[PDB]
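Chemist: Dumping the structure here so I can ask a few things about it.
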Protein chains: 2
Amino acid sequence: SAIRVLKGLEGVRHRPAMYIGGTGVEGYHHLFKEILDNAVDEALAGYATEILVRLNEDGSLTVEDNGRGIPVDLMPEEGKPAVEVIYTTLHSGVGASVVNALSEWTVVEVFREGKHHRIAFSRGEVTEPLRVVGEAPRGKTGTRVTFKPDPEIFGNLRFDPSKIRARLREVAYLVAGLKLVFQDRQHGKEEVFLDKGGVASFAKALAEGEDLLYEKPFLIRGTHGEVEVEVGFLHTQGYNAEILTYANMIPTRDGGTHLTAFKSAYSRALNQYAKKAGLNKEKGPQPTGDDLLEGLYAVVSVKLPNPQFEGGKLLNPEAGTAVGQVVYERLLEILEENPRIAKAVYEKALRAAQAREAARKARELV
Amino acid sequence: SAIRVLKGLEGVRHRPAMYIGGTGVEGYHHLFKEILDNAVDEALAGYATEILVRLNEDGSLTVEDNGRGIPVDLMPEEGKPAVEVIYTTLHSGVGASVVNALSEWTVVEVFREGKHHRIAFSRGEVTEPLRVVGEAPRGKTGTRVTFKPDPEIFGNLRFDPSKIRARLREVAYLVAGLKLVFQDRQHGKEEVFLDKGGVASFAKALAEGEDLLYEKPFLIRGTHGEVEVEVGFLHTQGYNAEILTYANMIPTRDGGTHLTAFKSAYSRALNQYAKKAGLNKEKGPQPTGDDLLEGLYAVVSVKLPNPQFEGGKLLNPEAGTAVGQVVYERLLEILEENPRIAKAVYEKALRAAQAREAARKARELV
């Protein structure tokens, strides 16, 4: 047929690394991350509140949400249900279709409009067309996708529960209040990932083993233009700063305009508060750049429509504007609402400046 | 404001007869029929299975369905929820907005996405903007509209329960299996209108007081092009034919192309069956036009996108084609499946022709 070419799922099978990076352990897990990303988008939309990830006895993986359920409604242009189109077409749901193409089999179940639908595929093709298999409970809506990556592409590879667990933990911190459940039905473990603290609880976890300046982390949230900003932080009693940055749920190891803006707005807000609170001293050493960040453990998580990167690092000057505005404003309020912490944090910055000035004087003695 | 003019609900109040025909008993009840028509369209779409019509103690009327519930989602163009737009704008839900404009007050409640929403209006204007008033039961979806026609427009008029009951009975026959409940909370009666027999049960009710040729009515259903065809019928032992015709749920008293096609297809199908069954005699009087319709009590109900009328009568040559194709085909099958009835029906037609031929001969004797 000419449709196999137009649907380009055969092209996914010939050139899989173009879609999943490779056919080793990482490419195998990108199939998982893609399915999860579709279930997560449903939580971000405000419909799904909990996600199940189940590693089955046969090595297959089930991803399920309690969202709206993939529309089963017949698309007029294609003359096929929306669920079928999304899983069989690259040129129209790209991610879902790549998983279908590269899996020996895929079963898509949809609980929608009081009905339980089921569609099955193998290597990109329909093996069972959409059909009502029964009634869904009165208030039950959602999607249940089960898939088995193709051994003709990946050989003897299998899912790694520690890699699944790491991603679910990250997602539970990036999407505050979303419950993600992991059931390993190959080894027998069952874990829950739920943190209403979000990026603030993530910042505290990043400080594990450290002496905390204060036990409860702070959370900054807000939107400026097309850029959505989320910041979690606390301080340790240490002198290093540790700032993890994310752009659209993926780690940005080389920072960018969101990191630069966070550091500037943070420093500006602390300086402004100290001035207004009378914490700053007239003479002596004044806390500069790094001084104002000592002991800071923070997580900066942004959402942008068209992000620009090298290779990593973020270039969007819009991201720099949005992080700046949201952080400066809310941090001023935090410091004001928690003057004991605010004073402890500024004192730390003052002591770093004092110790450097003391070290400079000791250098004269040589 | 300039919006009152653009929303044209003030224009409805100045010229109500342009929308509801008049400001007497009939115009007052057209407010009811319009709200019901919107709830009925939801049943036709396949979402609502039961409709409640409740005449309240205060003279207000509640219309409720178990459908999808009017979308509460914010329309981007207007920057207002869809429910608000539909009830406040003529130039974009025409019927709903006319009811709002001509009612002293209107309360629109929507059970959707696990939430119970409420919006209130008075004479076209919002008195209470859309707001979540509580949670809806897990599987509860639908719309509840309560309204009180404006005494500043209608004076001392009130709803007539017999007029409400007549419309609900008609709707229960035109929409086979739809349950419509009428609760008169002014007088104390409670009636149910549900008939899975549809237009066939309607045809039998039309024959009340008559001796039936057969007790169980027949139902013909089908679609040809843009025209949907529904026919219910039975025969009496009488010599008159009674054919009620409808186009898009409203009675067509002067018939049209749907009546013409029904009569032609019916006669053709009966003639064709008699030929094939060997019921027709070679010599003697052959049943003609009216002969083939004697004792026929039928209901012909069609659905068209652009119907053409005089003043009543239907002109659409498409309607004539669709009634013709659906009836001829299914009636041939009915006669074949019920040869005892088929033979009784044709015999009746033969006896009418025989009696006329006997009357012609008696005329020679003078």
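Please note that chains go A, B, ... in the order of the structure tokens, that every chain numbers its residues from 1, and that ligands are numbered from 1 in the order shown.
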So which residues touch residue 270 of chain B within 9 Å, counting only C-alpha atoms, skipping near sequence neighbours fewer than 6 positions away, as a PDB file with C-alpha atoms, in the first residue's frame?

Modeler:
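Final output, out-v1.pdb:
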ATOM      1  CA  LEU B 292     -53.614   0.513  -2.011  1.00  0.00           C
ATOM      2  CA  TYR B 328     -39.765   0.858  -1.038  1.00  0.00           C
ATOM      3  CA  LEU B 331     -41.416  -2.348   3.032  1.00  0.00           C
ATOM      4  CA  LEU B 332     -40.616  -5.141   0.516  1.00  0.00           C
ATOM      5  CA  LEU B 335     -44.222  -7.842   3.570  1.00  0.00           C
ATOM      6  CA  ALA B 342     -48.958  -8.664   3.644  1.00  0.00           C
ATOM      7  CA  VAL B 345     -53.313  -5.807   3.444  1.00  0.00           C
ATOM      8  CA  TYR B 346     -53.344  -6.639  -0.322  1.00  0.00           C
TER       9      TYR B 346
END

Chemist: Check every residue of chain B for an atom within 9 Å of chain A, counting only C-alpha atoms, and provide those that qualify as a CSV table (one decimal) with N, CA and C atoms, in the first residue's frame.

Modeler:
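Below you can see result.csv, which holds the result:
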chain,number,residue,atom,x,y,z
B,47,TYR,N,-26.3,12.0,23.4
B,47,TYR,CA,-25.7,12.1,24.7
B,47,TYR,C,-26.7,12.1,25.8
B,113,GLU,N,-17.2,17.9,33.7
B,113,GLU,CA,-15.8,17.6,34.2
B,113,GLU,C,-15.8,17.6,35.8
B,114,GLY,N,-16.7,16.8,36.4
B,114,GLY,CA,-16.8,16.6,37.8
B,114,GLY,C,-17.2,17.8,38.6
B,137,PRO,N,-21.7,14.6,41.0
B,137,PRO,CA,-21.3,13.2,41.2
B,137,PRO,C,-20.5,12.7,40.1
B,138,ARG,N,-19.5,11.8,40.4
B,138,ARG,CA,-18.5,11.2,39.5
B,138,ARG,C,-19.0,11.1,38.0
B,139,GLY,N,-20.1,10.4,37.8
B,139,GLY,CA,-20.6,10.2,36.4
B,139,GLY,C,-21.8,11.2,36.0
B,140,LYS,N,-22.0,12.3,36.7
B,140,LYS,CA,-23.1,13.2,36.4
B,140,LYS,C,-22.7,14.3,35.4

Chemist: When DSSP is applied to the backbone of this structure, which of segment 138-302 of chain B are assigned strand (DSSP E)? Write them out as a ChimeraX atom specification.

Modeler: /B:142-149,179-184,189-193,218-224,227-235,242-247,250-251,296-302

Chemist: Could you tell me which of A:206, A:194, A:227, A:94 comes closest to residue 169 of chain A if we count only C-alpha atoms?

Modeler: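 That would be A:194, the residue with the smallest distance to residue 169 of chain A.
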
Chemist: Quick one: residues within 9 Å of residue 351 of chain A, only C-alpha atoms counted, chain neighbours fewer than 4 positions away excluded, as a PyMOL selection string?

Modeler: chain A and resi 287+291+346-347+355-356

Chemist: Please provide the set of residues having any atom within 10 Å of segment 156-168 of chain A, restricted to only C-alpha atoms, with same-chain residues fewer than 6 positions apart removed, written as a PyMOL selection string.

Modeler: chain A and resi 23-26+28-29+32-33+36+51-55+59-61+148-150+174+179-184+186-187+189+191-194

Chemist: With N, CA and C atoms retained, export the selected residues as a CSV table (one decimal), in the first residue's frame.

Modeler:
chain,number,residue,atom,x,y,z
A,23,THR,N,19.6,2.4,19.4
A,23,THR,CA,18.8,1.2,19.6
A,23,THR,C,19.4,0.4,20.8
A,24,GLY,N,20.1,1.1,21.7
A,24,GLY,CA,20.6,0.5,22.9
A,24,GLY,C,19.6,0.8,24.1
A,25,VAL,N,20.2,0.7,25.3
A,25,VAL,CA,19.4,1.0,26.6
A,25,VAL,C,18.7,2.3,26.6
A,26,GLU,N,19.4,3.4,26.2
A,26,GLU,CA,18.8,4.8,26.2
A,26,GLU,C,17.6,4.9,25.2
A,28,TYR,N,15.8,2.4,24.1
A,28,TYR,CA,14.7,1.6,24.6
A,28,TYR,C,13.9,2.4,25.7
A,29,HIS,N,14.6,3.1,26.5
A,29,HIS,CA,13.9,3.9,27.6
A,29,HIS,C,13.3,5.2,27.1
A,32,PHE,N,9.7,4.6,26.7
A,32,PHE,CA,9.0,4.8,27.9
A,32,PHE,C,8.7,6.3,28.1
A,33,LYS,N,9.7,7.1,28.0
A,33,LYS,CA,9.7,8.6,28.3
A,33,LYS,C,8.7,9.2,27.4
A,36,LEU,N,5.1,8.3,28.7
A,36,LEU,CA,4.9,9.0,29.9
A,36,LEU,C,4.7,10.5,29.6
A,51,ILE,N,-0.9,9.0,37.6
A,51,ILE,CA,-0.3,8.2,36.5
A,51,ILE,C,0.2,6.9,37.1
A,52,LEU,N,-0.1,5.8,36.4
A,52,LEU,CA,0.4,4.5,36.8
A,52,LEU,C,1.4,4.1,35.7
A,53,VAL,N,2.6,3.5,36.1
A,53,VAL,CA,3.6,3.0,35.2
A,53,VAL,C,3.8,1.6,35.8
A,54,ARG,N,3.5,0.6,35.0
A,54,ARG,CA,3.5,-0.8,35.5
A,54,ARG,C,4.4,-1.7,34.6
A,55,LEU,N,5.5,-2.3,35.2
A,55,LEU,CA,6.3,-3.1,34.4
A,55,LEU,C,5.7,-4.5,34.6
A,59,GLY,N,7.5,-8.4,30.4
A,59,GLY,CA,8.5,-7.4,30.0
A,59,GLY,C,7.9,-6.2,29.3
A,60,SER,N,6.5,-6.3,29.1
A,60,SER,CA,5.8,-5.1,28.5
A,60,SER,C,5.6,-4.0,29.6
A,61,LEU,N,5.3,-2.8,29.1
A,61,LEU,CA,5.1,-1.7,30.0
A,61,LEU,C,3.7,-1.1,29.8
A,148,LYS,N,5.2,-3.3,24.0
A,148,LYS,CA,6.4,-4.2,24.2
A,148,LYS,C,7.4,-3.8,23.1
A,149,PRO,N,8.5,-3.1,23.4
A,149,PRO,CA,9.5,-2.8,22.4
A,149,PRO,C,9.9,-4.0,21.6
A,150,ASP,N,10.1,-3.7,20.3
A,150,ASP,CA,10.4,-4.8,19.3
A,150,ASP,C,11.8,-5.4,19.4
A,174,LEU,N,8.6,18.0,39.4
A,174,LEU,CA,8.4,19.0,38.4
A,174,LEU,C,6.9,19.4,38.2
A,179,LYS,N,0.5,12.4,41.4
A,179,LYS,CA,0.8,11.2,41.9
A,179,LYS,C,1.2,10.2,40.8
A,180,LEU,N,2.4,9.6,40.9
A,180,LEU,CA,2.9,8.7,40.0
A,180,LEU,C,3.2,7.4,40.7
A,181,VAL,N,2.6,6.3,40.2
A,181,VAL,CA,2.7,5.0,40.9
A,181,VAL,C,3.5,4.1,40.0
A,182,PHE,N,4.5,3.4,40.6
A,182,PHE,CA,5.4,2.4,39.9
A,182,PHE,C,5.2,1.0,40.5
A,183,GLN,N,4.7,0.1,39.7
A,183,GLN,CA,4.5,-1.3,40.1
A,183,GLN,C,5.4,-2.2,39.3
A,184,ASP,N,6.4,-2.8,39.9
A,184,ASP,CA,7.3,-3.6,39.2
A,184,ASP,C,6.8,-5.1,39.4
A,186,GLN,N,7.8,-7.6,37.8
A,186,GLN,CA,8.8,-8.6,37.4
A,186,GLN,C,9.6,-8.9,38.7
A,187,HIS,N,9.8,-7.9,39.6
A,187,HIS,CA,10.6,-8.1,40.8
A,187,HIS,C,9.8,-8.0,42.1
A,189,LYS,N,8.3,-5.0,43.6
A,189,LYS,CA,8.3,-3.7,44.3
A,189,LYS,C,7.2,-2.8,43.9
A,191,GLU,N,6.2,1.4,44.3
A,191,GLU,CA,6.5,2.7,44.9
A,191,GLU,C,5.6,3.8,44.5
A,192,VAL,N,5.4,4.8,45.4
A,192,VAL,CA,4.6,6.0,45.1
A,192,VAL,C,5.5,7.2,45.0
A,193,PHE,N,5.2,8.1,44.1
A,193,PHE,CA,6.0,9.3,43.9
A,193,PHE,C,5.0,10.4,43.9
A,194,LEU,N,4.8,11.1,45.0
A,194,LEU,CA,3.9,12.2,45.2
A,194,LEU,C,4.5,13.3,46.1

Chemist: Write out as an MDAnalysis selection string each polymer residue whose atoms come within 12 Å of residue 223 of chain A, counting only C-alpha atoms; drop sequence neighbours fewer than 2 positions from it.

Modeler: chainID A and resid 220:221 225:231 301:304 318:319 321:327 329:330

Chemist: Just write the chosen residues, N, CA and C atoms, as a compact mmCIF listing (two decimals), in the first residue's frame.

Modeler:
# COMPACT_ATOMS: atom_id res chain seq x y z
N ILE A 220 8.43 29.50 44.73
CA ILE A 220 8.06 30.66 43.92
C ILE A 220 7.38 30.11 42.65
N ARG A 221 6.20 30.66 42.30
CA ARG A 221 5.46 30.26 41.11
C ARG A 221 4.85 31.51 40.47
N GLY A 225 4.29 36.59 30.38
CA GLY A 225 4.18 36.44 28.93
C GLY A 225 3.90 35.01 28.53
N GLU A 226 4.73 34.48 27.62
CA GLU A 226 4.66 33.10 27.13
C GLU A 226 5.52 32.15 27.99
N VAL A 227 6.25 32.70 28.99
CA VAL A 227 7.14 31.92 29.85
C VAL A 227 6.56 31.74 31.26
N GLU A 228 6.40 30.47 31.66
CA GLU A 228 5.92 30.06 32.98
C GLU A 228 7.17 29.74 33.85
N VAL A 229 7.24 30.32 35.08
CA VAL A 229 8.39 30.21 36.00
C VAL A 229 8.04 29.48 37.32
N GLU A 230 8.87 28.50 37.72
CA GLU A 230 8.73 27.77 38.98
C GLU A 230 10.11 27.63 39.67
N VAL A 231 10.23 28.10 40.94
CA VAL A 231 11.52 28.07 41.67
C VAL A 231 11.33 27.54 43.09
N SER A 301 12.70 25.84 37.11
CA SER A 301 11.92 25.10 36.12
C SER A 301 10.98 26.05 35.32
N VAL A 302 11.26 26.19 34.00
CA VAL A 302 10.53 27.06 33.07
C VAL A 302 9.83 26.30 31.93
N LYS A 303 8.84 26.97 31.30
CA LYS A 303 8.06 26.47 30.16
C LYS A 303 7.99 27.57 29.08
N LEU A 304 8.52 27.28 27.87
CA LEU A 304 8.60 28.21 26.73
C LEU A 304 8.05 27.58 25.43
N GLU A 318 13.64 36.16 26.41
CA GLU A 318 12.30 36.19 27.01
C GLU A 318 12.35 35.46 28.34
N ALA A 319 13.07 34.31 28.38
CA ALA A 319 13.24 33.47 29.58
C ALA A 319 13.94 34.26 30.69
N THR A 321 13.82 37.53 31.03
CA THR A 321 12.89 38.56 31.49
C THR A 321 11.87 38.00 32.49
N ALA A 322 11.26 36.83 32.17
CA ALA A 322 10.22 36.17 32.96
C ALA A 322 10.71 35.64 34.31
N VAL A 323 11.91 35.00 34.34
CA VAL A 323 12.49 34.47 35.58
C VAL A 323 12.77 35.67 36.50
N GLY A 324 13.40 36.70 35.94
CA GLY A 324 13.71 37.96 36.60
C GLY A 324 12.54 38.62 37.30
N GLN A 325 11.42 38.86 36.57
CA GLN A 325 10.21 39.50 37.08
C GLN A 325 9.51 38.70 38.19
N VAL A 326 9.26 37.40 37.95
CA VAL A 326 8.58 36.49 38.89
C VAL A 326 9.39 36.29 40.20
N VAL A 327 10.70 36.08 40.09
CA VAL A 327 11.57 35.80 41.24
C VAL A 327 11.73 37.05 42.12
N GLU A 329 10.05 39.87 42.52
CA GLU A 329 8.77 40.19 43.14
C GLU A 329 8.36 39.26 44.29
N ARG A 330 8.21 37.95 44.03
CA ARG A 330 7.85 36.96 45.06
C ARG A 330 8.92 36.78 46.17

Chemist: Skipping near chain neighbours, those fewer than 4 positions away, what residues fall within 7 Å of segment 73-90 of chain B using only C-alpha atoms, listed as a CSV table (one decimal) with C-alpha atoms, in the first residue's frame?

Modeler:
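Result file follows (out_14.csv):
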chain,number,residue,atom,x,y,z
B,7,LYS,CA,-25.5,41.3,21.6
B,8,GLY,CA,-28.9,42.5,20.2
B,9,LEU,CA,-30.8,41.2,23.3
B,94,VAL,CA,-29.9,32.2,19.1
B,96,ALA,CA,-31.2,30.3,24.3
B,97,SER,CA,-30.4,34.1,24.2
B,100,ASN,CA,-32.8,35.0,28.4
B,124,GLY,CA,-30.5,39.3,28.8
B,125,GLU,CA,-27.9,40.5,31.4

Chemist: With only C-alpha atoms as the basis for distance, which of A:127, A:264, A:38, A:236 is at the shortest distance from residue 143 of chain A?

Modeler: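 That would be A:38, the residue with the smallest distance to residue 143 of chain A.
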